[PDB]
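# Examination of the molecular architecture
Here's the letter readout for the chains.
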Amino acid sequence: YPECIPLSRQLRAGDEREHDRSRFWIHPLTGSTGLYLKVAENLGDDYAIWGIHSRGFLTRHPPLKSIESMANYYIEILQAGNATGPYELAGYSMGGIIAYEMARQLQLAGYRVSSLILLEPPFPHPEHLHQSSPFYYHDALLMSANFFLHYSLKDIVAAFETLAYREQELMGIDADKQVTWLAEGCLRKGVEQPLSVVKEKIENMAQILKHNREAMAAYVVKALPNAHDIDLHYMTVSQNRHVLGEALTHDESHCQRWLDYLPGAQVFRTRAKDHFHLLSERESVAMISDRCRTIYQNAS
């Protein structure tokens, strides 16, 4: 299925004539699968997994609006390529919400889900969530520019905290000239790319961050049809980036709220510093990858 662009191969599994297409990982808020590359690395020799990006992340395509909509489209990516076989879905933060909604939509039809791995998916409660409801588009521009800054400059030699932007930098800048201001400063910081290119990619991903964050806020968590049919796994932590609302930041309350929908789920805990460091701290990724291996190992 080459035409389903949002999907990418996660492994050195490019040479296989026939390969298993049942393990899929779903993007978080940014829409990228870069957080899953190391987890894939430690799993390359045994089991093959695939990553899904947001619609319009790599391409010039229009994003999707609702969690139910993106779920349905990536099921097409799953079913086209794997006609009937059971699927194993995983997701971090927003991705866990999506993979959960797929297990809903997959089980609503005649299809089966073998394993569901939720890496700290936040629990949105629409009212209390939208009762506060502070979100601004210039915040998404901040996350997009810093994501571009960190990704473009991967040279550790010659700090990134001074490289990153801050909200107070846009205080006296009009919203129309904000994307140009962030792109101009990117070139000034050593990005060395055409200004028109950085302007396009900052705003294009910022469009996805706004749509992905808005989709998380409108989601209504529903019960899984036949939830005991799934191998349920919840991966959490022990015991800036404020585009996500205060109610979208993953707490232990979100984990406890999710367990009411996931009976018999096995809670896996790592020593990560935070929810944002769950797939960033070297050892936390190793604990997750080792646990992920056992789950995929338990395929019948």
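Residues numbered from 1 in each chain as written, not as in the entry; some residues may be left out. Heavy atoms only, no water.

- The deposited coordinates derive from X-ray crystallography, with the record listing a resolution of 2.83 Å.

### Some thoughts on helix α7 (residues 178–188)
- Among all positions of α7, only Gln 178, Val 179, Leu 182, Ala 183, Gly 185 and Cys 186 are buried. One side of α7 carries all its buried residues, which in axial view fall inside an arc of 160°.
- Elements in contact with the buried residues of α7: α5 (137–152) and α8 (195–217). (Buried < 20%, exposed > 50% of the residue type's maximum accessible area, 1.4 Å probe, protein only. Helix = DSSP H or I, 4+ residues; strand = E, 2+ residues; numbered from the N terminus. Arc of directions from axis to C-beta. Contact = heavy atoms within 4.5 Å.)

### Quick notes on the domain arrangement of the chain
- As far as domains go, the chain holds domain 1 (7–124 + 219–297) and domain 2 (135–215).
- For domain 1 versus domain 2, the distance between C-alpha centres works out to 27 Å.
- Contacts between the two partners involve 23 residues from domain 1, matched on the other side by 13 residues from domain 2.
- Taken over both partners, the interface formed by domain 1 and domain 2 buries close to 1,600 Å², and the fraction arising from carbon and sulfur atoms is 67%.
- Considering only the surface of domain 1 that becomes buried against domain 2, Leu 29, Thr 30 and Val 243 emerge as the three largest contributors, covering 35% of it.
- Where domain 1 packs against domain 2, one counts six residue pairs in polar contact.
- Partitioning the side of domain 1 that touches domain 2 into residue classes produces 12 nonpolar, nine polar and two charged. (Domains from an automatic or database assignment. Buried area = accessible area lost by both parts, 1.4 Å probe. Polar contact = N/O pair within 3.5 Å; in protein donor to acceptor, adjacent residues only side chain to side chain. Nonpolar A, V, L, I, M, F, W, Y, C, P; charged D, E, K, R; others polar.)

### Concerning the pattern of salt bridges
- Across all of its chains, the model carries 10 salt bridges by this definition.
- For the salt bridge of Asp 20 with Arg 23, the shortest nitrogen-to-oxygen distance reads 3.7 Å. (Salt bridge = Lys/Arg side-chain N within 4 Å of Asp/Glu carboxyl O.)

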